[PDB]
Every structure is written in C-alpha cells, then in structure tokens.
Protein chains: 2
Amino acid sequence: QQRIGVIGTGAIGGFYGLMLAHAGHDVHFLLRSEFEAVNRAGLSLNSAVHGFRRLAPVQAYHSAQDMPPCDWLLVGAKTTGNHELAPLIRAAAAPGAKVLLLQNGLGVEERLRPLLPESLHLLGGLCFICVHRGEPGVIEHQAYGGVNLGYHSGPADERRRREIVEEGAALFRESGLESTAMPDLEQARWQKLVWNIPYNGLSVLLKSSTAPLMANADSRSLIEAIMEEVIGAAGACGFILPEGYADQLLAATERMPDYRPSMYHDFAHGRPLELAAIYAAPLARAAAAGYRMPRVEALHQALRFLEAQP
Amino acid sequence: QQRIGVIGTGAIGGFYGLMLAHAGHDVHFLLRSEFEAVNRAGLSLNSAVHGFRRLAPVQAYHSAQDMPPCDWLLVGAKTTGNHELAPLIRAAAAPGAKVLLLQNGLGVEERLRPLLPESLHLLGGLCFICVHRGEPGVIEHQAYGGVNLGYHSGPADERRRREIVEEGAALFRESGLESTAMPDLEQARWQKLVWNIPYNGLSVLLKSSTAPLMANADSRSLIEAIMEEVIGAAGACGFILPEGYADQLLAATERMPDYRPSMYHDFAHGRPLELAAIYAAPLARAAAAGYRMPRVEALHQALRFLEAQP
Ligand SMILES: NC(=O)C1=CN([C@@H]2O[C@H](COP(=O)(O)OP(=O)(O)OC[C@H]3O[C@@H](n4cnc5c(N)ncnc54)[C@H](OP(=O)(O)O)[C@@H]3O)[C@@H](O)[C@H]2O)C=CC1
Ligand SMILES: NC(=O)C1=CN([C@@H]2O[C@H](COP(=O)(O)OP(=O)(O)OC[C@H]3O[C@@H](n4cnc5c(N)ncnc54)[C@H](OP(=O)(O)O)[C@@H]3O)[C@@H](O)[C@H]2O)C=CC1
C-alpha cells in the first residue's frame, strides 16, 4: 500500500485519486476552492466506463503542510500554477517520493525540476481521458482514462527509472485503468500535442465541442492541417511520430463522444488558459529547430488576443 | 450631366450616389429592404470628411425595370448577390452604359461578365472608405472615400479604355472625392486584398474592430503575417506589390479611426459573408500558382465553420 497525495483535486486529480482510493490505496487530497463541499459531502464519480463511484469520507486537506508524507504525489493542477505549486509538492513529499504530473503540454517536467529536490523522482503522466468537473464534488467521466507514464529526472539510473515507471503503471493497472510504461517522455508529450494543440484552442476559438468540429468539413480539414504542423514540428525537433498518425487520431476523435476540452472550460469560467505549455513551448522548440508552424502560431496569437479582451 | 443609377443602395451605394447627386448629377437609386424609409424620408449622411448631407426627395425605385436608362451604373450590392443582380443591371443600362462595381474581392468583374451584354463597359471601383449604414436612410461615414477605377471588359480598345476610366474618375473628382485611374484592375484588386483579407475575417473571428486589433501585439503580428501571405500570393500570380507595403498599410490602419469592417456588420446581422470573393477566389488563384497561404486558408475555414454554426 503506497500512500498517495493528490496535489490539485480537479477533474483529473479527482478521477485518478478516486480510482486509486477505490482500489485500496491510502489517498490524501489537497483541495482549494471546493475543499468545503468535498470535505463535507465527499467525492462522487459519474462514469460511462466504471459506473458510479463515491468516496466518503475523503481524506481532505486545504493546506499541503497538513498532509502526511506521501510516497506518490499526483499533480492534477493545471500547468499555469506549477511555479506556485512546487512548495506544496515539497511539503507533502516523503523522502524519495515520486512526483507524477497529470498535465498536458511540453516541457512541463523540465520547468518544474529546478523547484523540486533532486532526491525526488519526477515523472509525467499523459492521461487520455474525457473528464470534467460537474457540480462541486462531482466528476463527469465520459470516456477512456488511460495513463502513459514517463520518467523525466531524479536520482535513478536507467534500470531504476524503468522499474519506477513500471511501479507507477502498476498502481493504475491495479485500479482498473489502462497504463503504459513509456521509454521516452518527451516523445510521448509531442505525440499528445497532436491532439491537444488543435482541439483545445479551436474549441475556444470557434466555441465548439469535438463533435461539431469533426462534423463540419472546414474545421475538420483545419484540424488535420494543424496536426501535420505538430507532427512536422516533432520530427524537426528529433521525435519522429508514426505513419498516418493524423488519420488515426482523427478517426479516434470521430468515435469519441461529444467532448469539451479542458481549455474550453477554462475560458468559460474566466480561468487562464494553458497557452504556455501547450502552445508557447512547442512553438519555441520549433523555431529553435528552424521549423515554422503557421497555423499553430496564428492560433496561439488568436487565443492570446481573446484572453486579453474585455 | 451623366444619368447615374445605383444598383444596391447600402453604405457604399448610398454614399457614392449621394456624393454624385450633391454634385449636380441625375442619380436614380434602386433600393430593397429600406426602400420605404428612403423613398419617404430621403437619404442623409453624417460624415467626418464632408459634414452632414441630405438628399430629399430621392429618385427611389424598388424595381430596376422602373428605372430610366442610365449611362453609369454604380453597383453597391455585396458580391454575394451578383448573379441575381445581373438582370437588374441589364434592365437599367442605357446602350453602351458603364457598369462600375464598387465591390471588394478578386475576380468580381470576371464572374459577372458572362451575364452582361458585351456592349456594356464593365469596370471595377476599389473604394478606400470607412462607412456603414446607421439607422435606415442614414449613412455613417468615418473616414477617406477615394475610389480607384479600373477597366475589365467591354467594347473599348486600350486607348478608349483609358479614356473611359478617366471619365469615371472625373465623375468622382467633380463631386469632391479622391479618384485615380488604374492601369491594371486585377493588380489593384490584389493590392486591396492585403487589407480586406486580414481585417474583414479577423474582425468576425475575434469579434473586434480595427483599433483593438492594432493595439494588441498578438493580433497585430497575426495581421502582418496574413498580409505577407497575400503579398506573396499576388507575386506568385504575377502581380508584384510595392516594397514595404505591409508596414505602410499597418501604419495607415493605426491612423484610422476605430472601424468595423463590412464583414463584421454582415455577421452581426446574419447576412452571408463575402467569403467567395475575398477568400475563396484568391486561395484558388494561389493554389493554381503553387503558392500556399496557410493562415488565410485557415481563416477562410474558420469563417465557413462560423457561418454554419447555429
Ligand atoms: N484528455 C486530456 O488531454 C485531458 C488532460 N487534462 C489536463 O490535466 C491537467 C488538469 O486538468 P483538469 O483536472 O481538467 O483542470 P481542473 O480545473 O478541473 O482541476 C485543476 C485542480 O487543480 C487545483 N489547483 C490548482 N492550484 C492549486 C493549489 N495551490 N492548491 C490546491 N489546488 C489547486 C484547482 O483548485 P481550484 O478548483 O480551487 O481552482 C483545481 O481543482 C491539465 O493540464 C489538463 O490540460 C484535463 C482533462 C482531459
Ligand atoms: N474600405 C472598404 O474596403 C469598403 C468596401 N465595401 C464593399 O462594398 C460592397 C458593398 O458594401 P456595403 O455597402 O457596406 O454593404 P451594405 O449591406 O451596407 O449595402 C449593400 C446594398 O446592396 C442592396 N442589395 C443587394 N441586392 C439587392 C437587390 N437585388 N436589389 C436592391 N438592393 C440590393 C442591399 O439591399 P438590402 O439592404 O435590402 O439588403 C444593400 O442595401 C461590398 O463588396 C463591400 O466589401 C464596404 C465598406 C468599406
């Protein structure tokens, strides 16, 4: 039994902490705005995959300093707050703890590493899941749920790194989730950008969920074009992605239920968009490699304009 | 004294017909939805350039067949209706009349020519003007007003074509407007696309007038990038545009008052956008020349998506 801490208990943190808790793990949740309702009424899950689940009472905390030392810390905050998140991770971390970022974007682990003791293992958890927060304390899970883990940095040698990635994957596997050990976390993060770059921004820019974006031929063509820019940028930075990856990803999105990306909810609620990790970072990597992404560049500009307007 | 007919009496047709009428010309206005208010109360102009002007009574018509034969026909409809407009132009045209399209876009004259008798002179009038309709019968003119004329097709040889272009320019010059005879109408239309392609679409896509688009650094950079695509496409199709044209156009737009492009009003009022002439036509010309315009292509796709959404 690992002791798990969830740092940022939103849609992602709530889902994975609840799943792990349901599987017999000792899970401790750090909450912010919704601490009162969850501490009181608990956490509940509507899921088309796993059915209804409820955790009550919850081991809930409003301050990381109150949390006991945890062996695995699942970071479910958005990447926008990661700098301010580091002191909270450090406080809840047992010695040699594993820090696992359940976060989208590129360069996420690298930008956090200077704020974590080198004695902590820092891993990335790429989650392929359609989930959002409903009413407070209620998690709305529409599809998928798998987590692909990769190792960024920490005191482990290569052999130990693979063992630790497998330990994390086993945690999620024991809970009834799909989990995969990745050999190359950066490659995996580039792969995931092919979906998140078009769908997250375009859902805000065109105020639309996934199904209308796929059903209209102009947005569908635009999504495919953006995917090829991300695929081309990844290759230019030394990360070749599979043949016909765009067609595959587009097909999976057709099969997907009508879904509002996380960025859609952020703009709806006036929360800052994860532009830095999802757009700014791969655009910077692309320019360093001499590869231009005109549609992605323009999307990022449009989203920045939208965030500045009254 | 030329007899002038205005076919489509909106912001552009109202302005130029009124200006010409104020200068002593015999002007006859074809109106549609606003015929009742203008036939009754007349046409009035608030202008920061020319001050207030009013034409009352107006020679107003709801049917082109009622109009007398006109020597010059000023077409102020949007380009979306040009196919349906041709029988109206033919009816109001005196023998050998001059048809002058006060319309944005590319290939406008070419697409109309098959529907006009070869005995009519078909010219393009590129209007550089900030104008929109206010209340019915009221024209809101914020800045500029100049018209650059070019000859597309008709029974005139080169010498005669230049003479006729100069005759048109003189009409507007006599009315107190800036007017220029252009040697190459297609070149002039490509030039004008450099402004209309970014500003018309982006004002709809980002729901913004010109001043916020210029004041935000991300949209300003995006506008400049789009301009270079249009400039590059024009060159690829054999129409070299001047050095530093983008910087000049951007500077003029800074000097410009806060302006909502015509396309902004169209989307606000549920009217179809002039996508075919402003985006589809130059994109097709570019692809024929082997030159891709990724930002313009994506903007057109986004605007088409927006027009299809409920
Ligand atoms: N298929 C995919 O690609 C998916 C990936 N994601 C990604 O996962 C990450 C999180 O997404 P998501 O769960 O949907 O976002 P949410 O807003 O739903 O949850 C984020 C949680 O982190 C909390 N948080 C931030 N800072 C703190 C802090 N100091 N202390 C306590 N709590 C904090 C927030 O609290 P508070 O509510 O008070 O603000 C919030 O509850 C993102 O990077 C997202 O892109 C998300 C969904 C699907
Ligand atoms: N600086 C620039 O680039 C500028 C250029 N333009 C361009 O000029 C052209 C017209 O623009 P604008 O005046 O602003 O648009 P408006 O909508 O204001 O006016 C168009 C007029 O044409 C009328 N119309 C269309 N079909 C008919 C018909 N069968 N019979 C009678 N009337 C008809 C419309 O009548 P109804 O009202 O009933 O629909 C309308 O009054 C466009 O191509 C536009 O892009 C416009 C402004 C600035």
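In its metadata, the entry names X-ray crystallography as the structure determination method and reports 2.198 Å as the resolution.

Caption draft 1: Inspection of the relation of the copies chain B and chain A at higher detail. Least-squares fitting of chain B to chain A yields an RMSD of 0.0 Å, with the superposition described by an axial translation of 0.0 Å and a rotation of 180°. On the angle and the small slide along the axis, the relation comes out as a two-fold axis. Every residue of chain B has its C-alpha some distance from the rotation axis, and the shortest such distance is that of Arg-295 of chain B, at 2.9 Å. Take the interface residues of chain B: 100% of them recur as interface residues in chain A, which is what a same-surface contact looks like.

Caption draft 2: Structural context of the nonpolar core. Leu-205, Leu-206 and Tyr-279 of chain A together with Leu-205, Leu-206 and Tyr-279 of chain B are the most contacted members of the largest nonpolar core, which has 96 residues in total. If we skip the residues at most four places from it in the chain, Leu-206 of chain A touches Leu-213 of chain A together with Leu-205, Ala-302, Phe-305 and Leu-306 of chain B.

Caption draft 3: Quick look at the side chain of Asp-218 of chain B. Mapped onto the elements of the fold, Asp-218 of chain B is located in helix α8 (residues 217–236). With residues near it in sequence (within four places) discarded, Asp-218 of chain B still touches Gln-301, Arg-304 and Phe-305 of chain A.

Caption draft 4: Fine view of the pairing of strand β6 (residues 70–75) of chain B. Residue and element names in this part refer to chain B. Most of β6 sits out of view: 5 of its 6 residues are buried. Pairing geometry for strand β1 (residues 3–7) and β6, over 4 bridges, is parallel. Looking at the pairing, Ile-4 lines up with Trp-72 of β6. For β6 and strand β7 (residues 93–101), the ladder comprises 5 bridges, and the chain directions are parallel. Residue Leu-74 lies in a different strand from β7, and its bridge partner there is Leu-100. Assessed by its sense of winding, the connection that carries the chain from β6 through helix α3 (residues 82–92) to β7 is right-handed.

Caption draft 5: Local environment of the site of ligand 1. Residue and element names in this part refer to chain A. The environment of ligand 1 is formed by 24 residues, the closest being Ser-33, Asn-104, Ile-129, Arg-133 and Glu-274. Contacts to ligand 1 include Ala-11, whose backbone N or O atom sits 3.2 Å from an oxygen atom. Note that an oxygen atom of ligand 1 is positioned 2.8 Å from one of the side-chain N or O atoms of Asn-104. About the coverage of ligand 1: the protein hides 89% of its 920 Å² of free accessible area. Broken down by class, the residue content of the shell around ligand 1 amounts to 9 nonpolar, 9 polar and 6 charged. Of the domains in this structure, domain 1 (3–182) and domain 2 (187–308) are the two that each give at least three residues to the shell around ligand 1.

Caption draft 6: Just the domain arrangement of chain A, in detail. Residues and elements named next belong to chain A. Split by domain assignment, chain A resolves into domain 1 (3–182) and domain 2 (187–308). Inter-centroid distance (C-alpha atoms) of domain 1 to domain 2 is 24 Å. Listed as interface residues are 24 residues of domain 1 and, on the opposing side, 23 residues of domain 2. Between domain 1 and domain 2, a total of about 1900 Å² is buried, with carbon and sulfur atoms accounting for 56% of that surface. The largest share of the area that domain 1 buries against domain 2 comes from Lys-78, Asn-104 and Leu-106, three residues that together contribute 34% of it. Between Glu-109 and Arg-189 there is a salt bridge, with its nearest N and O atoms 2.6 Å apart. Scanning the region where domain 1 abuts domain 2 turns up 9 residue pairs in polar contact. Sorting the residues of the side of domain 1 that touches domain 2 by element identifies α4 (108–112), β8 (121–133) and β9 (138–153) as the ones contributing at least two each. Sorting elements by how many residues they give to the side of domain 1 that touches domain 2 places β8 first, with 9 residues. Looking at the side of domain 1 that touches domain 2, its residues break down into 12 nonpolar, 8 polar and 4 charged.

Caption draft 7: Summary view of the site of ligand 2. Residue and element names in this part refer to chain B. Not every one of the 24 residues close to ligand 2 is listed here, only the nearest: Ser-33, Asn-104, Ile-129, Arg-133 and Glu-274. A distance of 2.9 Å separates an oxygen atom of ligand 2 from a polar atom in the side chain of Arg-32. Contact distances for ligand 2 include 3.5 Å between an oxygen atom and a side-chain N or O atom of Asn-196. Relative to its unbound accessible surface of 930 Å², ligand 2 loses 89% to contact with the protein.

Caption draft 8: Region of the structure containing the packing of aromatic side chains. Tallied over the full model, the rule gives 8 aromatic pairs over all chains. Relative to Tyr-16 of chain B, the ring of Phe-15 of chain B lies with its centre 4.8 Å away and its plane at 90°, an arrangement referred to as edge-to-face. Like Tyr-16 of chain B, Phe-15 of chain B is buried. Judged by centre distance (5.8 Å) and plane angle (90°), the ring pair of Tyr-16 of chain B and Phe-172 of chain B falls under edge-to-face. With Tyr-16 of chain B in helix α1 (residues 11–22) and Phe-172 of chain B in helix α5 (residues 158–174), this pair connects stretches of sequence that are 156 residues apart. Pair check on accessibility: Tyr-16 of chain B and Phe-172 of chain B agree, each one buried. Every member of this aromatic cluster is reached through a ring pair, and the members are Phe-15, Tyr-16 and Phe-172 of chain A. For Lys-192 of chain B, the ring lying beneath its charged end belongs to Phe-128 of chain B, and the centroid distance is 4.4 Å.

Caption draft 9: Main features of the interface of chain B and chain A. Taken together, the contacts link 22 residues of chain B with 22 residues of chain A. Here chain B meets chain A over a buried area of about 1900 Å², counting both sides, of which 62% is carbon and sulfur. On the surface where chain B and chain A come into contact, there are 4 salt bridges. Residues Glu-297 of chain B and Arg-295 of chain A are paired through a salt bridge, measuring 3.3 Å at the closest nitrogen-oxygen approach. Inspection of the region where chain B meets chain A yields 4 residue pairs in polar contact. When residues of the side of chain B that touches chain A are traced back to their parent elements, those giving at least two are α7 (210–215), α8 and α12 (294–308) of chain B. At 10 residues, α12 of chain B tops the list of elements feeding residues into the side of chain B that touches chain A. A class-by-class count of the residues in the side of chain B that touches chain A yields 11 nonpolar, 6 polar and 5 charged.

Analysis parameters
Residues numbered from 1 in each chain as written, not as in the entry; some residues may be left out. Chains lettered and ligands numbered in written order. Heavy atoms only, no water. Least-squares fit on C-alpha atoms. Contact = heavy atoms within 4.5 Å. Core = buried A, V, L, I, M, F, W, Y, C linked by side-chain atoms within 4.5 Å. Buried < 20%, exposed > 50% of the residue type's maximum accessible area, 1.4 Å probe, protein only. Helix = DSSP H or I, 4+ residues; strand = E, 2+ residues; numbered from the N terminus. Pairing = 2+ DSSP bridges. Right-handed = clockwise from strand over helix to strand, strands pointing away. Near = heavy atom within 4 Å. Polar contact = N/O pair within 3.5 Å; in protein donor to acceptor, adjacent residues only side chain to side chain. Areas by Shrake-Rupley, 256 points an atom, 1.4 Å probe, with all protein chains shown as cover. Nonpolar A, V, L, I, M, F, W, Y, C, P; charged D, E, K, R; others polar. Domains from an automatic or database assignment. Buried area = accessible area lost by both parts, 1.4 Å probe. Salt bridge = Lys/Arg side-chain N within 4 Å of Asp/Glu carboxyl O. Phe/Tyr/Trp six-rings, centres within 6.5 Å; stacked < 30°, edge-to-face > 60°. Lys NZ or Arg CZ within 6 Å of the ring centre and 35° of its normal.

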